[PDB]
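Accompanying notes for the structure given below.
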Amino acid sequence: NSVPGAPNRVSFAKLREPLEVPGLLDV
Amino acid sequence: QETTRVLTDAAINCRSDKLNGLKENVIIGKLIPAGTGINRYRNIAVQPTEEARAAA
Amino acid sequence: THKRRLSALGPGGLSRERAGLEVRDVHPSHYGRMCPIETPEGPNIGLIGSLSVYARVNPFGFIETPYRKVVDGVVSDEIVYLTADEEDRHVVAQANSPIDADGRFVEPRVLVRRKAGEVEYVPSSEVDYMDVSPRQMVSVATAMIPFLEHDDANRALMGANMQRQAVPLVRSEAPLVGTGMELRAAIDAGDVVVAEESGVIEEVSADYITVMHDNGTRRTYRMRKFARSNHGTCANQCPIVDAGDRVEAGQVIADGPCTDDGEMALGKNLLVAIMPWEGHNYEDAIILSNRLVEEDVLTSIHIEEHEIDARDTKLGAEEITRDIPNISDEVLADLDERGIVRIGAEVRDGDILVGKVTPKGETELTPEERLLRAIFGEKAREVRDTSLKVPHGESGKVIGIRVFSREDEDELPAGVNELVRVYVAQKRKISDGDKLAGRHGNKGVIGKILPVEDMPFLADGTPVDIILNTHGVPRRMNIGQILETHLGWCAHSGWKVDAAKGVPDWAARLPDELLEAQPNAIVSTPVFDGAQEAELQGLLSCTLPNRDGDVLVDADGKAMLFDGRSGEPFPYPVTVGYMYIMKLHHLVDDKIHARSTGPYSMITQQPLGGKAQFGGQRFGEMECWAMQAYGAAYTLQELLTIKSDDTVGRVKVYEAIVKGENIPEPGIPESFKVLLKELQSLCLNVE
Amino acid sequence: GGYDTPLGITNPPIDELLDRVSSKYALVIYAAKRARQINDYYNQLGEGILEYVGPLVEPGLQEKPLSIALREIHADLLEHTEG
Amino acid sequence: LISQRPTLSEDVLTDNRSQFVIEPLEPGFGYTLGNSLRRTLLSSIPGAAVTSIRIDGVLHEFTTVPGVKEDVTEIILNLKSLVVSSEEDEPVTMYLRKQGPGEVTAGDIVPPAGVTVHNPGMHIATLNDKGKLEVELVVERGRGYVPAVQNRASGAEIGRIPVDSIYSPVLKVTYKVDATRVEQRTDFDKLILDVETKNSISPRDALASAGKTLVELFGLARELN
Amino acid sequence: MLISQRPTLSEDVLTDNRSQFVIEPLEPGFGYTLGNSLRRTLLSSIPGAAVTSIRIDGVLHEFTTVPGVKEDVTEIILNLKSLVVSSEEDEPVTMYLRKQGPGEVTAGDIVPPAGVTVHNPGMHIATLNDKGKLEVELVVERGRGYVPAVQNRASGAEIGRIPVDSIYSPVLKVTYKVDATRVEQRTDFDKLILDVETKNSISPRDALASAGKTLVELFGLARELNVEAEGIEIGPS
Amino acid sequence: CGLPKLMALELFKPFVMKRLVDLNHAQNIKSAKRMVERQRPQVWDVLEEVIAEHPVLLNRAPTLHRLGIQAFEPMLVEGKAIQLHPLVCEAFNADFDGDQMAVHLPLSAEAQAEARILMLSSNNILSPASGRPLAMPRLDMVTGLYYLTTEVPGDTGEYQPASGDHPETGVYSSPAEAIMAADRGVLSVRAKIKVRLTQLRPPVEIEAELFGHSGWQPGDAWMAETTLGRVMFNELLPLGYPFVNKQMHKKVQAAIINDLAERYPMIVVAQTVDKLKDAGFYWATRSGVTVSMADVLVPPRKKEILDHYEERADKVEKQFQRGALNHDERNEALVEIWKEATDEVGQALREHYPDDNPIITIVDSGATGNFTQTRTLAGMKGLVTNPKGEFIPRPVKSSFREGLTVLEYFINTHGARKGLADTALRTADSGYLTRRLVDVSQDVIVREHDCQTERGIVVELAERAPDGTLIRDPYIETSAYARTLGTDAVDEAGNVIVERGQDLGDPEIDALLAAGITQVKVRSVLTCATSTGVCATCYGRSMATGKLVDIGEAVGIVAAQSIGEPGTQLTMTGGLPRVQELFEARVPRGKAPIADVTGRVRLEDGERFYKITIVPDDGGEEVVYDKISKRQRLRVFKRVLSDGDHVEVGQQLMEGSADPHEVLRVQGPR
Ligand SMILES: [Mg+2]
Ligand SMILES: [Zn+2]
């Protein structure tokens, strides 16, 4: 989630990660 | 290998080469000394039998 | 993927051979930092990779990595950006650990990475850092292959490097199944326009959109349409919203090429069986129904740009115009009034692109040509005909004309006064021979485009899409594709697990609202956090009929089918399902090429190699030594003389062919004599 | 032997064909010289007559002179010696 | 033996599709005849399709229309969805213009005499206030698929934009057999067949036509010898 | 639809009753569309007569023994099986084969009633050891295609009469394949090859026309809904 | 050979222009050329004739062996790809991943002849290196054939011979009879039957049985019990070939093909193989061998054996913790434990699967892949090696069907990338070695029919049995066949079974086995008396010709490529560098001493290595041997070396290998 135009794709997450993805271009 | 050092003392000996290998005829492009190259095949005589020449 | 790339070769870096093979290896410090999978499969393996996803950089040029420090049998929630060295100080177990819902754990004896990079069942008191998450050791592209933990790294890396070689189709549908990567990928991808400020839409266009910022202020967003990529692929941007809409900041507003509904899209979702059919699916041979072709499901846009300059010679200034030397009129039809062709005109290889001309100078004409002029009243026109013609194997309309003129104050390089660049596109249908591949490394060329009717098909008359060969599967260790296929069939079908008597046990810990599924709903799996096969089996048991009472597939993922050729059912049920696939940037036309005779050398006497020009194929050391092995000598001699160096002999043989007469004899090679002169001039008595 | 019919480029069976030449090689050279003879025949047909004989078997509609030579060979109507 | 020829029975399913079954049949034959008709119907049915159209504002497939959201090629795929039946074989032409903000539906089209769409609800495009439309259409009877012919091969003007054609009145086919095959040798088949017209004609309409073409084929080998 | 090209039929005469057929060109690809169909047709389209179940004196339940002769029961059976003999009678015809003494029984040795017409009477079937006498009756009728040896119509009809198969197809062997003649000028039309071999009863030529008529009789069903429908016309011969 | 019409269109431009100006279609050549630019469809028509019967060449570099190119009959084809016959793919080692190829074109009549005879497709079937065929059927067609030849016990209406209530009810007078039956829903293809044949040569035994004189299949008549599958299979073959009645394994196939080539003419062989390919695809279609995850069973009792070996390793780890064993001790112990676990697991896995599993059935036929790939698929993967090369004591305990963990996958990556790195290095060294070799022997050609020498070597020839038989050596075909006796094989100190001057293939060899003799002075290149190269006689049969080679051959190069080709597959001194240094004539690392005279040994070992000396039998100087590393080991043979062991004059002292030079200087050339 956490995205405005996120089309609903259900996933099989058995876990829950604390952190989300970083800014890939920050490199 | 070591084309320079090979060639140099080769010419020093002034060894002429007989052109009888095959790589020779390769790089010179003249017909190879092998396969269809030898004289027994490359100098074949061929023509119609004069029997059939009677036919034609 | 090009960005976030890692390489040690370069200035300061080691050159290729100077490095030992060991640097190519995968040192255990690499874990979670450099994805060990993604790397070029050519002769640079181990030399270049990329970053793990959640990695991050030291100000000192190191990999500062987050970690979940655990304390007191309880994982904290403080991310810890760690380098590798300090990591050796410490004790890190795995994210996939039976945490007691609280940081507390379940069993004492736990896997953990050792300072030597080693693993043991640590008693569950000793660790001080837990993994931030699964897949912390994955690359970006690696992050985008479901079931990845079921197949070998070999085909894995193969599909990985291939997946960057995808080609943007014109329709750009999204896959039914995926990961969590497909959206974040695009939102960093950039080329999909993102909502800057939250707001209500103002007005759209096919080229831009007027946006109403929430307080007064507004803005447009110029869609990039038909922008030529660095590889001839189109770069359209279509808007995905309405002028009466309202969105929020950082939100998608228009997909890019390979983007569908905001997330990535690298192909289509296709129903396939796996039988060996007619041998046409022999050794990666890949068959195709015409249905996609006539449905344009595989349709590429290509943008080839051509450019030519306006130099100035000693003979004067180069010229561009409809005025030409000896030439037809119809060939001078679709030009503009002043040389160059007209926008929107169809073209074909060899056709004229731009009418350009320069003086050639003066030479005594042949008496013959002079005679033709006399009988024909034809002038000299010493200015030489130097126009622009389309090279071989090219067609399609010309979109836009880019024109530059020194007279226009267009800054141009010296010895130049006018520049023009041209844009032709050709809507390439898919065609046989082209290379496709799933997301598993499982790949291959297009075997044969078969019509729709002559096709194995369902009991519902629904024809199959394609067919792959089972025999490539085992020895390649790529069951993940089978997994994907089963999953995709389940996804297209939709289910509704009857949780009437509690829950079927496999569904017990399964997340809710998976208990049914609308057909053709989209889903995804984390790489290491994917569905189990038992879960999939319980799903496949629940496969609600499509329209009629229709359980097309068994509980085993197969089904009975009909040969559109034979008429009969096949003797067995067959694996089938929906797979997502890509199209590679190795089209047939990019590779197909032959030649008889073209522009000879300048240094040597030799008609130019290189498929950019004609070019052709070099018959060197491997099949020479070979021909000698065969014993056939004359063919080799002909190749190495009259196709290689005999200046006179070349035109001689050409004449002889034109006249229908026995071949002349092979003359002396040219490079031979050249080497001879060289040896001479080396102060060497030669004879 | 009773096996099958050949087809086009494989006609006639080289299995049979080698049965009269000593080696494949002399066969090849034999054929090539005859074929050049044939081509010279056609080239000289426009001009005056010469001892250039052949073909003997009725040549096909559009047949390679090589092919014609081969077929006459299997017909066994020639004569040759090594070099 | 069985002294009777079979019988062609009918079952209506819907307008756009219905069922057919026939018997008595010979054992080990129904699949044969069924794939026969399937291979037939899927391709050998004369249809009628748009050929290639033109609009004033455009020069080629790879441009835009002022005012619309969609583009040329988007409209291309949309129109490729279209359905229409001709009556004659000479190339007739329909047209379409439009103005103001709005949707473009299939019903929007001005058709010439003899032509008729069969799903006016087919969305085409949407426009704005500046949204302005004109278009001419090239349509013709045919059979099967053709790729778009080259306009250079033709002589038409640069506004022309060739489009592939799929003369498929048929939508989808399938069936199943009925192995009577009792243990008395009083055995026979029964083809549980289904048809799916794509809004152009009725299943029987396409079916009898196909059978006529088949009779064309067989008689060639029937009595010519 | 205008045919735009007209396929052709040139039968090939192989060995006597093994004639061959070829046809082209084709709308790619009708070969699979129809050759297989016609195959199964000729396999199961034309009537034919054949033995139903013979009865033999003496032997009661031991299905393997034959005194006075050399061949066993089943050899007799199979030899019977390949008997080309016809009749105009849509009924169960019975028959007789009778002889004593040593020697051999063959095809023509039978007593033919009305309608029966053996097409290879100079065909050995059975041998006679030493003075042995046989009197066997035969049950032939006619039908189509080919049947397994049907089980007992009754529970047990008679201890003597014993079932057999019935090769009601006068055709014997059928095969084919598809081709791609003239793929550029004809834009990949197709060429059918047809290998048929049948008994001396009729010519494969004739059987071909017969089965073709039968099939068109079938497809008249298909056409007889809207004969006023656009069909792909071939034009005249 | 397939061909993009567009391509060849550009190819024969000179030919086509000539032939068309021959027609009244282009006034000058220039008209022809621009017309080519215009492609007026009759251009395609004359293109047809000009393409008619003109050979071509086809190249997939890199080439290793002689078949890197051959000659094919072109034929215009739609599309823009190179349509290739299936069977040549194994020759080119050319998958359909998208590898390109090159296509050359001969011009002279002489070049055309060279192609049309030598470089032809059909003329090249067998291994020029190893005599066996190369267009032999494979994975998919082989699959179909295996399905076709297997027999289904308890199948659809089998031949069930049971009178008293019905006939045997499985007999069929004609194959066509059975055809019609199984075409009806009557018979499975693999149900056993008893039909009577008249058109196929039965086996030698029964055929001689009925006849003895002439089993000739067009008109003879005879019965047999098989399935219709084997029926049709034998039907494919030429008439003269007798019946088979077996389940065609790939090996069986190869043997059959070898027989055919060795006895019949080529053109029959090619046609036969083609029909094979065709029907093979036909039935591989029907085999229905596909792969669902439900097709992949796992070891149902795996976990308990897992636990057994785990308890073992646990005790081992505890005892290492004891310090009773050091680090590497417990390492190797774990290595052994997990290897044993792997072995037992593969045992249970192999026994567990039913036989109809296509997953197994592939390797079962021997189409491809090994059982280890199976175990990796389902069950447990086991050990992943140190990227250095050592083994990781973890190890993997799952198969792909279970899916790995992060750590497991990471571990497997080590050996994965290591192997893929080695892949290029090995093929690189291969070409280097090849260049060395062929540059060595570039000028070795036959020049003489016979050197007429009488030197020649004798062969072990299927060593005697101690219980007493001529138990066949394994490595005889690679040695005995295509050889020329200079001697004459007498029999029983009597009649000569076989004399000087024969080719020494199968039947005579078999007769020699019957005779009971295991030594044969055969000619060899080593004894080819010719000065300038070799004689035809001492060379023997060509592996590819099947007959005695002509005198125009440079066999040296063929042998060169013969060696160089397999070098790619040489998966590791114990490998490729071993081979090199052998050809290098170097003093190997494992230089083991060799005897210099017979006698017992003055075997003796100093500190930290061995210190030995020869017991001379002349006698004289006990040949002393001093730096005998304790890491070295006494050469075991006959029992391992022991002190006072009477040895020979050239017996290798230690294990390993001394240089070729000293073995020369001791026991000379031969
Ligand atoms: Mg490859
Ligand atoms: Zn010798």
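Protein chains in written order, with UniProt numbering: chain A, 24 to 50; chain B, 1227 to 1282; chain C, 444 to 1130; chain D, 66 to 148; chain E, 2 to 226; chain F, 1 to 237; chain G, 441 to 1012, 1025 to 1090, 1097 to 1128.
All residues carry an ideal CB built from backbone N, CA and C; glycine is no exception.
Among the candidates C:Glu-1130, C:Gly-1092 and C:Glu-1081, whose CA atom is the shortest distance from the CA of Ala-551 (chain G)?
Here the closest residue by C-alpha is C:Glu-1081.
Could you say which of C:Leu-731, C:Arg-849 and C:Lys-832 lies nearest to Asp-755 (chain C) if we only look at CA atoms?
Comparing Cα-Cα distances from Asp-755 (chain C) to each of C:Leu-731, C:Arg-849 and C:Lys-832, the minimum goes to C:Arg-849.
Residue range of the unbroken beta strand (DSSP E) whose run includes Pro-1274 (chain B)
Residues 1271 to 1274.
Using beta carbons (cut-off 8 Å, strictly below), is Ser-34 (chain A) in contact with chain C?
Yes, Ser-34 (chain A) lies at the interface with chain C (some Cβ there is under 8 Å from its Cβ).
Output, in chain order, the set of chain C residues within a Cβ distance shorter than 7 Å of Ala-1236 (chain B).
Within chain C, no C-beta atom comes nearer than 7 Å to that of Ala-1236 (chain B); the closest sits roughly 10 Å away.
At a cut of 8 Å, does the region 477 to 493 of chain G reach the region 1042 to 1055 of chain C through at least three beta carbon pairs?
In short, these stretches do not touch, since the Cβ pair count stays below three.
Beta carbon proximity, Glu-135 (chain E) to chain C, threshold 8 Å:
No, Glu-135 (chain E) does not count as interfacial toward chain C.
Within 10 angstroms of its Cβ, does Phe-1089 (chain G) collect 16 or more other Cβ (buried), or is it exposed?
Under this definition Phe-1089 (chain G) is an exposed residue.
Residues in its own chain within less than 6 Å of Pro-643 (chain G) by CB, not counting five upstream and five downstream?
Around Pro-643 (chain G): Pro-682 and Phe-683.
So within the region 136 to 211 of chain E, which uninterrupted beta strand (DSSP E) runs reach at least 3 residues, ignoring any that extend past its ends?
If we require 3 residues or more, the beta strand (DSSP E) runs fully inside the region 136 to 211 of chain E come out as 140 to 147, 166 to 168, 171 to 177 and 193 to 198.
Looking only at its chain, what residues have a beta carbon closer than 8 Å to the beta carbon of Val-562 (chain C), apart from the 5 residues adjacent to it on each side?
Non-local C-beta neighbours of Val-562 (chain C) in its own chain, meaning closer than 8 Å and more than five positions away in sequence, comprise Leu-554, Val-555 and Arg-556, ordered along the chain.
Check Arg-952 (chain C) in the structure and name its three-state DSSP category.
Assigned with DSSP and collapsed to three states, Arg-952 (chain C) falls in coil, not helix or strand.
If you drop the 5 nearest sequence neighbours on each side, which residues of the same chain put their C-beta closer than 8 Å to that of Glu-837 (chain C)?
Excluding the 5 residues flanking it on each side, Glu-837 (chain C) has same chain C-beta neighbours closer than 8 Å at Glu-747, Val-790, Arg-791, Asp-792, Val-867 and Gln-869, in chain order.
Kindly list, in the order they appear in chain G, the residues whose Cβ is closer than 7 Å to that of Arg-101 (chain D).
The answer, in chain order, is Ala-549.
Would the beta-carbon of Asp-877 (chain C) be found less than 7 Å away from any heavy atom of ligand 1?
Outside the cutoff, so no.
If you measure from the beta carbon of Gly-1247 (chain B) to each beta carbon in chain C, is any gap under 8 Å?
For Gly-1247 (chain B), not one C-beta of chain C is nearer than 8 Å to its own C-beta.
Quick check: the region 179 to 186 of chain E against the region 15 to 33 of chain E, are there 3 or more CB pairs under 8 Å?
The answer is yes - the region 15 to 33 of chain E touches the region 179 to 186 of chain E, with three or more Cβ pairs under 8 Å.
One or two residues paired with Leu-97 (chain F) in a DSSP bridge:
Partner(s): F:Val-136.
Indicate whether the contact test is met: 3 or more Cβ pairs, each with one atom in the region 896 to 903 of chain C and one in the region 697 to 713 of chain C, closer than 8 Å.
Counting Cβ pairs under 8 Å, fewer than three are found: no touch.
Assigned exposure category for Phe-21 (chain E) - 16 Cβ within 10 Å defines buried:
Burial call: buried.
At least one CB of chain C closer than 8 Å to the CB of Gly-29 (chain F): is that the case?
Look at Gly-29 (chain F): its C-beta is under 8 Å from a C-beta on chain C.
Should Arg-963 (chain G) be counted as a contact of ligand 2 given a C-beta to heavy atom distance under 7 Å?
Ligand 2 has a heavy atom closer than 7 Å to the beta-carbon of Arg-963 (chain G).
Within the 8 Å Cβ cut-off, does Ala-1260 (chain B) reach chain G?
Interface residue, yes.
Check whether the Cβ atoms of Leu-560 (chain G) and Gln-510 (chain G) sit closer than 8 Å, and answer yes or no.
A contact, by the Cβ cut-off of 8 Å.
Spell out a yes or no on whether the region 631 to 648 of chain C and the region 766 to 777 of chain C are touching, meaning 3 or more CB-CB pairs, one atom from each, closer than 8 Å.
Result no; under three Cβ-Cβ pairs closer than 8 Å.
Quick check: the region 598 to 618 of chain C against the region 862 to 877 of chain G, are at least 3 beta-carbon pairs closer than 8 Å?
Because the criterion of three Cβ pairs below 8 Å is not met, the region 862 to 877 of chain G and the region 598 to 618 of chain C do not touch.
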